[PDB]
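Everything on this sheet refers to the single structure shown next.
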Amino acid sequence: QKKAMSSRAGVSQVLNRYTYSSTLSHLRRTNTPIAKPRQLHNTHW
Amino acid sequence: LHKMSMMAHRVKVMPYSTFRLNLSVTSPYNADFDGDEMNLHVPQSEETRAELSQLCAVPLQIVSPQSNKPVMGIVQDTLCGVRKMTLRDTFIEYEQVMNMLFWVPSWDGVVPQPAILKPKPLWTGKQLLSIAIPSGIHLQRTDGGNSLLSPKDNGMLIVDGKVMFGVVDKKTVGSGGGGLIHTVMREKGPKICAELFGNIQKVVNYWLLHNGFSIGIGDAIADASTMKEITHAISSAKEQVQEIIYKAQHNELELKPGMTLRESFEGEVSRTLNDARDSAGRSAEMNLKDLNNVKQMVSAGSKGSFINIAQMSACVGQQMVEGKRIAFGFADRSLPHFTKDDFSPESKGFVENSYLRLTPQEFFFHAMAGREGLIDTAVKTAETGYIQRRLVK
Amino acid sequence: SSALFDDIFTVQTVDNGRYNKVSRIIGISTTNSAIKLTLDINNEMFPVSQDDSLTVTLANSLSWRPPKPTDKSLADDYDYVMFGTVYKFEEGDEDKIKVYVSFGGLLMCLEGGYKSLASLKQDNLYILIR
Amino acid sequence: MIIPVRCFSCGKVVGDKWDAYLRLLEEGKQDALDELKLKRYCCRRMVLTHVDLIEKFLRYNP
Amino acid sequence: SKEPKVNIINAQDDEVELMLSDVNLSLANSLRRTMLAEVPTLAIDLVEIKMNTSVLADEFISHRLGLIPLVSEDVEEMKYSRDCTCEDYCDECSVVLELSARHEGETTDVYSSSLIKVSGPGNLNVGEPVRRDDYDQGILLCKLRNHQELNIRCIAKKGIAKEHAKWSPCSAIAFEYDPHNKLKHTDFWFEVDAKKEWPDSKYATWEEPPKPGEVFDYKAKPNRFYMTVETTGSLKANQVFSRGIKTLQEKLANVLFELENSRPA
Amino acid sequence: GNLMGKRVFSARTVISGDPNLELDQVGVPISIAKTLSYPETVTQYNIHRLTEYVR
Amino acid sequence: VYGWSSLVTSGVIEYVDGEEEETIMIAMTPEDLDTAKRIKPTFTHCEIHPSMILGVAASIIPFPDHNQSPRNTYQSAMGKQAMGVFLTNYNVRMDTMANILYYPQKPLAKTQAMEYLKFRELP
Amino acid sequence: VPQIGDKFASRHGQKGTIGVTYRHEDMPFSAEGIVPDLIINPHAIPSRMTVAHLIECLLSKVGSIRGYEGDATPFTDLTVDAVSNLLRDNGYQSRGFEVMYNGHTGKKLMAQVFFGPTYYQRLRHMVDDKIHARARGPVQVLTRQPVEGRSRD
Amino acid sequence: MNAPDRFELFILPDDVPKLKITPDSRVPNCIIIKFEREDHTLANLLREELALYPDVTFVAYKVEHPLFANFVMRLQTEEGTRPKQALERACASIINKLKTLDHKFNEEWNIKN
Ligand SMILES: [Zn+2]
Ligand SMILES: [Zn+2]
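Sequence lines, in order, name chains A, B, C, D, E, F, G, H and I.
Just so we're aligned: the first sequence equals residues 462 to 495, 502 to 512 in the authors' numbering.
Just so we're aligned: the second sequence equals residues 451 to 807, 809 to 844 in the authors' numbering.
Just so we're aligned: the third sequence equals residues 2 to 63, 77 to 144 in the authors' numbering.
Just so we're aligned: the fourth sequence equals residues 1 to 30, 33 to 64 in the authors' numbering.
Just so we're aligned: the fifth sequence equals residues 2 to 107, 110 to 268 in the authors' numbering.
Just so we're aligned: the sixth sequence equals residues 339 to 346, 348 to 394 in the authors' numbering.
Just so we're aligned: the seventh sequence equals residues 675 to 707, 721 to 728, 737 to 818 in the authors' numbering.
Just so you know, the authors' numbering puts 1110 at position 138 of the eighth sequence, and the rest follows in order with no gaps.
Just so you know, the authors' numbering puts 69 at position 69 of the ninth sequence, and the rest follows in order with no gaps.
Here it is, written out as structure tokens:
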């Protein structure tokens, strides 16, 4: 907390509850702190 | 980003919770109805209003100064149908030729002498559609084999404000240069032309309401033998690749000045698959009769093009990122499902299949290709806006 | 209130270039060997095959009233009567002329040279056939 | 989430037909729709697609 | 007997196939929709829930009952709450119903059969939970568990399909004409052969085939229409046709009546 | 943020086109018209109508 | 008594990370490896099933192998915005905003994968 | 309740909102009686390219009639040529298309239509949660300009 | 929220006649009849039976816009013959056609088992 906002916001959110397939999706999610990375690499298969 | 992104409209209070705008005034704001929202502002002084109606009225805006041509034409249904209604084959009988004249508000109250009297007294779209065109409107065209008796019924000729010959579509009623609109604006004025839309509309939309129109998988299937004739235009195209690959894996080819021996290898593979794909589709294009709905929606000029048909009935195409066919992210291979050093097309991302029919590999590459697409549509989106902003300030 | 043309031709051929209900036919005249004829037509209302003996007419005469004229004039002593307008007046070399007639969507061409005082340049025009 | 009285599409009643159907399955081991008198797919889809949640809801206490 | 004519084909209690000839399509169609939308019926309209422990919400059940089919035989000898001089409602224009459901049988079901008719029917066929179910409890309103209760009170009223779908007694109606496209009111889609690829209709047997040698008949008009009038109950399949034929008429009437009221002045 | 552009007698909702509206019209939901006003000075040409609109 | 733990304790299936992947050869269709179907073109492993390269989202999309990929990517998002049933206990939940479609309906067409997405019971 | 503006969509990026709402009479129909619940435009197909959409319909029009669950699952052994044959066994055109009579006049439609049951998700985002209009409302403090957001007027 | 009350599709509102007839200036002997709270069901039916009185020179009808249940009918007849009448007649011919129908459908029915 403190005078340390030099952290990362996003970790831990408000679980979706619009639909079932919504919630599943939300849990199986990944992030990535910030033209090449956004690509769908081969390794992604 | 337009002088036209904001226009003054006549207010019409209506029920139901939504701003109801005309179709032809669609492309200026560039909206669609998939959820899009619109802002509305209300003048407040007696002049404020005037300033809004004398310079920002939608009718004054019809001819865009940026490209010295109109910027609002007839879209979708109205366009698509206006085409049908025009063909020599399109005939309408009294009962309807009447309910059609009624829908034109300016109608002089005079039914035009039937284009046919002999057995049954009929009329043709070309005739009635014309009751919408004001007197003094002279339009001349000429497409391909077009000559004062347009065989394929090409070109367009309207004299005294009556369609003489040719079919009417995007070319004759679009936000184009020769545009019957561009002309009616110039010849009659903001007002007259602005009304012209609604009419050409009202008649056509109504007509279509009754003639109906649709599309279904059936519009995307190719002739029994054509689907074969293509397959083997990919097989042969496959070997014209295996061939130049053998002839490369032997050093039996010279380096086209300025290019690497390798680069020059691609340069051909690419130019081989492309020309293959190009006719693959072209076989089906001419294989879709003058009844294929998808074709119809393409000629009218109201949606999609050759390319589209192709990727749906023939071959999807070659996938690509950064300009080169699917890379080797995995040391010397496309996917782990491949043998190393496979430079072939089935590995580098060539989807030989049609949407009507992709194989995992094809399906994947294809994704990697589209993925690049989505990328800039999500980047060039605001950097373009900056460059815009600068020019302004 | 007079006639402006009368002549029997012979169908040289019938063309249906992608038209399920209309055919553009052509045929030469039986009198002069200068008069040709090009005409679009409703194959559905009035069928026609190659080699037919048709009599073509024109002229202006007998809002648009429905029937009721059962007890009225009937300059319809034929089996096909279209109304339309003619647009261009072309000269094909020599002193041979050829007027172009469009019937609210149906094109037509005539050729020869002897209606130098018969075929006018007006919109009026009724085609007749039997 | 219970059975839908009358089919959206055409209108024919269909409330009663639930138990008849869910029965001609368990026992008569069966087409069911066809005999239940559900002709055109509009009403057909009605029954053949219902997922009776009410059952699970009912499994709750007070 | 006279003008247009009927020729009923196999007819039952929940259907009425028949051929309507010697009429203009225009007029057939008109009657078509009239059945679909403007025949007076009787449906629950107001629901006064008192207690409800069901897993379904108030207005969810409320909806349900709006759809439950009620009797509507002598529906014509009742008045629209809007014309009746009674503040709100009464026997002379409405049918009140009761519904009590206590969970006792340790899954208890609520069928439309469980409705009482608390108001005075005045001795006229109406306000009855149309049951066609095999056992005798048509339309499962809803289920409930252990001690869940549920007390309602319904009020039914006249009304039509325009006002709401919960009214129209029609519910699907077949309509076809000239199975052999002779009138050419259609352009068949096809890949090679229209005729082989496009299903021939069971209706093609009461009209003569095409016959190649014949040119295209033009002066011919849309005569004869093969239909089928399904019913949901409330009104007998036969009436759902008669009454239709008649309401359309009553309307055509006032158009002539309203006319008269405008000549005096 | 506040000077070269500010939030401003304005409304916004969802669009859907209508094929029976003159090119230049724009159907506004009753709701909205009953919310947005317009200061019209009283004048012996519109007094009559205004005194009605007011009642 | 024959789980997935046994399918692994018998060397019939392996857990391949992205790195190890590099040095193996994977066969698509276990079996194989008509003028209608899509034209199909050392092995160490085979693919449980290609339709497993998809995640929750696409798994509900019918014939995702027949649409323009960029579209599938969209539906991949709108799904997280449709209505249905997010739980059954919902009637005992005090959460701000929640929507239940009056009458659900499992689709007339489905993915074999839906079976694990309890989709048929929560359309 | 669904209203003339609320948004919907299938499972193919085929999103769209309501423009109007007609009833059974006004609606176009097929001899059987069957009438559409939804009428989307043929124009949302050509450039969207989403064809599977077209397929789910066909397949689902069979699964409708057959009672058997229709598999749409990814890379399997099911084809458009196959389903079409299954649909011909039941009675309707092998491609879906059906004859329809214009709900206003009863006269047949010169054309045929791709009439068939398709799944549609009712995305959240209904008009009445967005419709907003203001004329001199709560003014901000520091600035004195209006205030932000439709929720705070 | 902004949608009318259903009952506005058939009930005339505060002082409103089913019919309002206006003379047409565009051409001689012509009229435009505004029908309130009505549709194709009744419109097209009236439109139709008028191209039957070969004494009627013109007859088309239309629905201005779908939100509002109204419709305009334009009629024009021969010399010294008032269209309003032709509207009556063609309107009466309609009821008879249906009167017959009702009947022919009732005797027909009874003969069913
Ligand atoms: Zn149904
Ligand atoms: Zn009362």
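Yeah, the Cβ is synthetic: ideal placement off N, Cα and C, and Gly gets one too.
Give me the pocket residues for ligand 3, defined as CB within less than 7 Å of any heavy atom, sorted by chain position.
Among the ligands modelled here, namely ligand 1 and ligand 2, ligand 3 does not occur.
Mind checking whether B/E718 and B/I694 have CB atoms under 7 Å apart?
yes
Measure the C-alpha to C-alpha separation of A/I495 and H/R1124 and round it to an integer number of angstroms.
34 Å
Using a cut-off of 7 Å between C-beta atoms, extract the partners of G/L817 located in chain A.
Those within 7 Å of G/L817 in chain A are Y481.
Under a three-way DSSP split, which group does B/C506 fall into?
coil
Does ligand 2 have a heavy atom nearer than 6 Å to the CB of E/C173?
no
What three-state label does DSSP hand I/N70 in the structure shown?
strand
Measuring straight from C-alpha to C-alpha, what distance separates C/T84 and I/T57?
When rounded, the distance between both Cα atoms is 15 Å.
The beta strand (DSSP E) with B/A760 in it runs from where to where?
Element bounds for B/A760: not the beta strand (DSSP E) but the alpha helix (DSSP H), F756 to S763.
Assign H/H984 to one of two classes, buried (16 or more other C-beta atoms within 10 Å of its C-beta) or exposed (fewer than that).
Burial state of H/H984 is buried, judged by a 10 Å Cβ sphere holding 16 or more other Cβ atoms.
Please classify G/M778: does DSSP put it in a helix, a strand, or coil?
When secondary structure is reduced to three states using DSSP, G/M778 falls in the coil class, being assigned neither helix nor strand.
Return the chain-ordered ranges of every beta strand (DSSP E) run that is complete within the stretch 557 to 621 of chain B and spans a minimum of 3 residues.
If we require 3 residues or more, the beta strand (DSSP E) runs fully inside the stretch 557 to 621 of chain B come out as 572 to 574, 607 to 609 and 612 to 615.
Nearest to E/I155 by alpha carbon, out of E/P215, E/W201, E/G67 and E/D196?
E/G67
Return the residue from the list F/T390, F/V353 and F/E361 that minimises the CA-CA distance to B/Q651.
The shortest C-alpha separation from B/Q651 is found at F/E361.
For B/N489, which three-state DSSP category applies?
strand
Going along the chain, which residues of the stretch 52 to 75 of chain I sit with their C-beta nearer than 9 Å to a C-beta in chain C?
Cβ contacts with chain C: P54, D55, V56, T57 and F58.
What residues in the stretch 745 to 765 of chain G bring their beta carbon closer than 9 Å to a beta carbon of chain A?
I748, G750, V751, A752, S754 and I755
How about B/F469 and F/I354: are their beta carbons less than 7 Å apart?
yes
In whole angstroms, what is the alpha-carbon distance linking E/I176 and H/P974?
25 Å
Helix, strand or coil, according to DSSP, for C/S24 in the structure here?
strand
For a contact meaning CB atoms closer than 9 Å, what does A/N477 contact in chain G?
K775 and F781
Taking 8 Å as the threshold, find out whether the stretch 781 to 796 of chain B comes into contact with the stretch 734 to 749 of chain B through three or more Cβ pairs.
With fewer than three CB-CB distances shorter than 8 Å, the stretch 781 to 796 of chain B does not count as touching the stretch 734 to 749 of chain B.
Which of the residues in the stretch 1098 to 1111 of chain H, read from start to end, lie with their CB under 8 Å from any CB of chain I?
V1099, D1100 and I1103
Given G/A753, which residues of its chain have a CB within under 7 Å of its CB, disregarding the five upstream and five downstream residues?
Around G/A753: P759, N767 and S771.
At the 7 Å Cβ level, is I/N106 part of the contact set with chain F, yes or no?
Answer no: the Cβ-Cβ gap between I/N106 and chain F never drops below 7 Å.
So, for B/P571: in the same chain, excluding its five sequence neighbours on each side, which residues have a beta-carbon less than 6 Å away from its beta-carbon?
Closer than 6 Å at Cβ, skipping near neighbours: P564.
Among the residues of its own chain, which have a CB less than 6 Å from the CB of B/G627, if the five just before and after it don't count?
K519
Would you verify that the beta carbon of H/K1080 is, or is not, closer than 7 Å to some beta carbon of chain E?
yes
Would you say the stretch 14 to 32 of chain E touches the stretch 231 to 250 of chain E, given that touching needs at least three Cβ pairs under 8 Å?
yes
Taking Cβ-Cβ distances shorter than 9 Å, what residues in chain I pair up with H/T1077?
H40 and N44
With distances taken between CB atoms, is the gap from B/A750 to B/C530 smaller than 7 Å?
yes
H/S1019 and B/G754 - do their beta-carbons sit closer together than 7 Å?
yes
Locate the alpha helix (DSSP H) running through B/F715, then write down its first and last residues.
Here the alpha helix (DSSP H) through B/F715 covers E713 to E735.
Report the neighbours of G/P802 on chain B: residues whose CB is nearer than 7 Å to its CB, in chain order.
Those do not exist, as G/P802 stays about 18 Å from chain B at its closest Cβ, beyond 7 Å.
For residue 117 of chain D, go through chain H and note every residue whose CB falls closer than 8 Å to its CB, in chain order.
In the structure as shown, chain D begins at 1 and stops at 64. Residue 117 of chain D is therefore absent and cannot be evaluated.
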